[PDB]
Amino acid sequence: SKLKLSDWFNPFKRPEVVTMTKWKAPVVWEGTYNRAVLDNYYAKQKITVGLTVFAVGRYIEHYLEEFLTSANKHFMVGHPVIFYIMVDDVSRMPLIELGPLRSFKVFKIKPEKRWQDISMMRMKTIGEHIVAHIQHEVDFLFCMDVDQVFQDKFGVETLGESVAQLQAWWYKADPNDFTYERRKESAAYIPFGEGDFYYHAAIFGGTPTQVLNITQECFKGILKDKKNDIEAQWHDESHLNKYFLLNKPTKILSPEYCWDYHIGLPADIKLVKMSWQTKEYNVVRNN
């Protein structure tokens, strides 16, 4: 209840970037938020935050440790956090020491053969875990790609009912340049006249209830396509964009929360909370 937008958010500290959507959702940028106030509001409510992350195959040795180590140090510091680690081989998962208010659990999952099914099956698995236990364990849940690293505080300013990430490479582009799925045969189809922003699927979150819907809609979309023998160009990410077009996020995070340093470092990127590392093929303005 008790929390109003004017309590912690001030769009005027960032006039040159889009800080409010047409449906009145804040876009969080460095300088526009009062963490100090929200830390108190949330800690008084004894809020607990969940974080899912998958690492299968070579990704375990390449990124899991760095992701977890940076998460321990920077994710929702000062609040209970639970890391849910999904790997195909538990005997190869790094065991790092966690700090105050962090804890975790590991789950063994079946490794898919195609990398596009690995990234897309996460949608079903997250869904299953939410109804089985995450729903009862945390207040807010985030779902992240393992190949990225926290660089600075990623705090409670990021919490919300359904949270989206502004893909780094396309935040200034307009809808007709976004790489949405354009084949009407795909469930992720988004017409050339429509679209608000291009969201990055490396980070999305919200209440467990919301995340359940996101993941459930996305996964039935991914199945439908398989059934019709088509595969959305950017897989789960395309489905996430179709979902977020129909069900707008209540909060969106600026590119400072998921920055690709391959783009360089523009005036607009004030303080990076998280950056990409290396990857699969996420939508870059590449070949």
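The first residue of the shown sequence is 1; numbering continues from there. Heads up, when I say rigid core I mean the largest set of C-alphas that superpose within 1.5 Å between the two forms.
Asker: Taking the root mean square of C-alpha distances over all structures and residues in 5 other deposited structures of this protein, with a rigid core superposition, name the larger of 116-124 and 133-141.
Answerer: Higher average C-alpha offset in 5 other deposited structures of this protein goes to 116-124.
Asker: Do the Cα atoms of 91-99 stray more than those of 107-115 in 5 other deposited structures of this protein, or is it the other way round, with the core held fixed?
Answerer: Stretch with the higher C-alpha RMS distance in 5 other deposited structures of this protein: 107-115.
Asker: Tell me which stretch has the larger mean Cα B-factor in this entry, 249-257 or 225-233.
Answerer: According to the PDB entry, the answer is 225-233.
Asker: Looking at the deposited entry, does 177-185 or 207-215 carry the larger mean Cα B-factor?
Answerer: For C-alpha atoms only, the mean B-factor is higher in 177-185.
Asker: Just the C-alpha B-factor column, please: which of 137, 128, 117, 147 has the biggest number?
Answerer: Spelled out: the listed residue with the top C-alpha B-factor is 117.
Asker: Among the modelled residues of its chain, does the C-alpha B-factor of residue 105 lie in the lowest, middle or highest third?
Answerer: Bottom third by C-alpha B-factor.
Asker: If you rank the chain by CA B-factor, which third does residue 96 end up in: lowest, middle or highest?
Answerer: For residue 96, whose C-alpha B-factor we compare with every modelled residue in the chain, the answer is the middle third.
Asker: What third of the chain does residue 78 rank in for C-alpha temperature factor, lowest, middle or highest?
Answerer: Answer is middle: the recorded C-alpha B-factor places it there.
Asker: Ranked by Cα temperature factor within the chain, is residue 168 in the lowest third, the middle third or the highest third?
Answerer: Middle third.
Asker: State the tercile, meaning the lowest, middle or highest third, of residue 243 with respect to the CA B-factors recorded for its chain.
Answerer: As the PDB entry reports it, the C-alpha B-factor of residue 243 lands in the middle third of its chain.
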